[PDB]
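Trainee: Before I ask anything, here is the structure I am working with.
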Amino acid sequence: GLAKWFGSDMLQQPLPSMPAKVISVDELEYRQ
Amino acid sequence: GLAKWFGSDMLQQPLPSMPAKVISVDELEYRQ
Amino acid sequence: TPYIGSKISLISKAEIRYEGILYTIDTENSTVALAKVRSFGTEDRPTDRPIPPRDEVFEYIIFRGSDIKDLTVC
Amino acid sequence: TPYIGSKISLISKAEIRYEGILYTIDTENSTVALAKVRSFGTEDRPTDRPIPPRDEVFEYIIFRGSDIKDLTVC
């Protein structure tokens, strides 16, 4: 899916961990 | 404002820094 | 009285109750960060839009003071 | 070809263009994290909901692959 934009070698090597998902109570209550 | 819920001493002493605000493109485009 | 790292029970103005660890506070923006938070829903608080407990555990949830109906330590 | 820390120009499916630093990727959820991001709006891409450049700088913006109309290095 992401291969459309990123090289094959990049999808393979170790990547930095995603930043912590920080959500606001507004979005949490508004969506679900 | 927050004094309604937290002690006076706590609002004074040094606090840990807020986690980085991580937003999704969904929310960013949906709101503004 | 609450402190950094204490277990917080927090009822929002939508009558939804949250349990999480008090991570920190931002006095400038009047915001509150809880960690490892779970939503308990509306429980026994009357409302025409009831919410049941959700299983999911949230890494961080940020509340404004104006979102808070009530806040107590556990 | 893009790499960690490269400058990315990213047009969403709403024709809005973003510039930010490629922070990392999550291959499992097909999501992409940009850092120090700015919104350039719809610019010259036709649309009945035009958006002008916004000044604000975002700490992190998370895109799904399905949000991406186009992605190029600068």
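Every chain in the structure tokens takes a letter, A first, then B, and so on in the order presented; its residues are numbered from 1, and the ligands are numbered from 1 following the presented order.
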Using only C-alpha atoms, determine which residues of chain C fall within 8 Å of chain A; present them as a list in words.
Mentor: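 Applying the cut-off to the listed atoms yields residues 59, 60, 61, 62, 63 and 67 of chain C.
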Trainee: Please superimpose chain A on chain B using every C-alpha atom, paired by order, in a least-squares fit, and write the moved chain as a compact mmCIF listing (two decimals) with N, CA and C atoms, in the first residue's frame.
Mentor:
# COMPACT_ATOMS: atom_id res chain seq x y z
N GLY A 1 -8.71 28.19 37.58
CA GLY A 1 -9.64 27.34 36.87
C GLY A 1 -9.50 25.88 37.28
N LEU A 2 -8.28 25.37 37.18
CA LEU A 2 -7.98 24.00 37.57
C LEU A 2 -7.85 23.86 39.09
N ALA A 3 -7.77 24.98 39.79
CA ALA A 3 -7.64 24.98 41.25
C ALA A 3 -8.84 24.29 41.91
N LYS A 4 -9.95 24.22 41.19
CA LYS A 4 -11.16 23.57 41.68
C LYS A 4 -10.94 22.08 41.96
N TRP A 5 -9.94 21.50 41.31
CA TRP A 5 -9.70 20.06 41.38
C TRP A 5 -8.33 19.69 41.95
N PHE A 6 -7.39 20.63 41.91
CA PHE A 6 -6.01 20.35 42.31
C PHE A 6 -5.52 21.28 43.42
N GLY A 7 -4.69 20.73 44.31
CA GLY A 7 -4.16 21.49 45.43
C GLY A 7 -3.31 22.66 44.97
N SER A 8 -3.18 23.66 45.84
CA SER A 8 -2.41 24.86 45.53
C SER A 8 -0.94 24.53 45.32
N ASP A 9 -0.41 23.65 46.16
CA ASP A 9 1.00 23.27 46.09
C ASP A 9 1.34 22.58 44.77
N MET A 10 0.39 21.83 44.23
CA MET A 10 0.64 21.07 43.01
C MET A 10 0.73 21.97 41.78
N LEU A 11 -0.13 22.98 41.72
CA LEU A 11 -0.11 23.93 40.62
C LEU A 11 1.17 24.77 40.60
N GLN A 12 1.90 24.74 41.71
CA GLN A 12 3.10 25.56 41.87
C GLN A 12 4.38 24.84 41.46
N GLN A 13 4.58 23.63 41.97
CA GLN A 13 5.84 22.91 41.74
C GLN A 13 6.02 22.58 40.26
N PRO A 14 7.27 22.28 39.86
CA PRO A 14 7.55 21.96 38.45
C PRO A 14 6.84 20.69 38.01
N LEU A 15 6.22 20.73 36.84
CA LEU A 15 5.45 19.61 36.32
C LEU A 15 6.13 18.99 35.10
N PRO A 16 5.91 17.68 34.86
CA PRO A 16 6.42 17.07 33.63
C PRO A 16 5.85 17.74 32.38
N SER A 17 6.64 17.81 31.32
CA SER A 17 6.20 18.45 30.10
C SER A 17 5.10 17.62 29.42
N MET A 18 4.15 18.32 28.82
CA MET A 18 3.03 17.69 28.13
C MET A 18 3.55 16.79 27.01
N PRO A 19 2.88 15.65 26.76
CA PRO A 19 3.27 14.87 25.58
C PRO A 19 3.02 15.65 24.29
N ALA A 20 3.80 15.36 23.26
CA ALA A 20 3.68 16.07 21.99
C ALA A 20 2.29 15.89 21.40
N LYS A 21 1.67 16.99 20.97
CA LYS A 21 0.35 16.91 20.37
C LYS A 21 0.48 16.26 19.00
N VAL A 22 -0.10 15.06 18.88
CA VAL A 22 -0.06 14.29 17.65
C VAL A 22 -1.45 14.25 17.03
N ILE A 23 -1.62 14.95 15.91
CA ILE A 23 -2.93 15.05 15.28
C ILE A 23 -2.99 14.25 13.98
N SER A 24 -4.19 13.78 13.65
CA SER A 24 -4.40 13.03 12.41
C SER A 24 -4.93 13.97 11.35
N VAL A 25 -4.64 13.66 10.09
CA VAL A 25 -5.03 14.52 8.98
C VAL A 25 -6.56 14.59 8.87
N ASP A 26 -7.24 13.56 9.37
CA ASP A 26 -8.70 13.54 9.40
C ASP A 26 -9.22 14.72 10.21
N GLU A 27 -8.78 14.81 11.47
CA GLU A 27 -9.24 15.87 12.36
C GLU A 27 -8.82 17.24 11.84
N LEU A 28 -7.59 17.34 11.33
CA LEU A 28 -7.07 18.62 10.88
C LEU A 28 -7.91 19.20 9.74
N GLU A 29 -8.29 18.36 8.79
CA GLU A 29 -9.06 18.81 7.62
C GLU A 29 -10.55 18.96 7.94
N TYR A 30 -11.04 18.15 8.87
CA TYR A 30 -12.45 18.15 9.22
C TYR A 30 -12.85 19.42 9.97
N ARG A 31 -12.04 19.78 10.97
CA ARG A 31 -12.32 20.94 11.80
C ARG A 31 -12.04 22.23 11.03
N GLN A 32 -10.77 22.50 10.78
CA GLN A 32 -10.33 23.71 10.09
C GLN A 32 -9.13 23.42 9.19
Trainee: Need to verify the contact set: residue D:56, 12 Å, only C-alpha atoms, exclusion of same-chain residues closer than 6 positions in sequence. Can you return it as JSON, numbers by chain?
Mentor: {"B": [28, 32], "D": [18, 19, 36, 37, 38, 39, 40]}
Trainee: Could those residues be written to a file, using C-alpha atoms, as a tab-separated table (two decimals), in the first residue's frame?
Mentor:
chain	number	residue	atom	x	y	z
B	28	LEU	CA	-7.07	18.62	10.88
B	32	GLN	CA	-10.33	23.71	10.09
D	18	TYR	CA	1.58	19.69	3.49
D	19	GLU	CA	5.33	20.14	4.01
D	36	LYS	CA	7.20	20.26	11.94
D	37	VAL	CA	4.40	20.32	9.38
D	38	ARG	CA	2.71	23.30	7.72
D	39	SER	CA	-0.52	23.41	5.69
D	40	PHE	CA	-0.27	25.16	2.32
Trainee: Can you measure atom CA of residue C:65 to atom CA of residue D:58 for me? One decimal in Å is fine.
Mentor: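 Computed distance, atom CA of residue C:65 to atom CA of residue D:58, equals 23.1 Å.
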Trainee: Any idea what the distance is between atom CA of residue D:27 and atom CA of residue D:14?
Mentor: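 According to the coordinates, atom CA of residue D:27 and atom CA of residue D:14 are separated by 23.1 Å.
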Trainee: When DSSP works through the backbone of this structure, what residues of chain C end up as strand (DSSP E or B), shown as number ranges by chain?
Mentor: C: 7-12, 17-26, 31-41, 57-64, 68-73
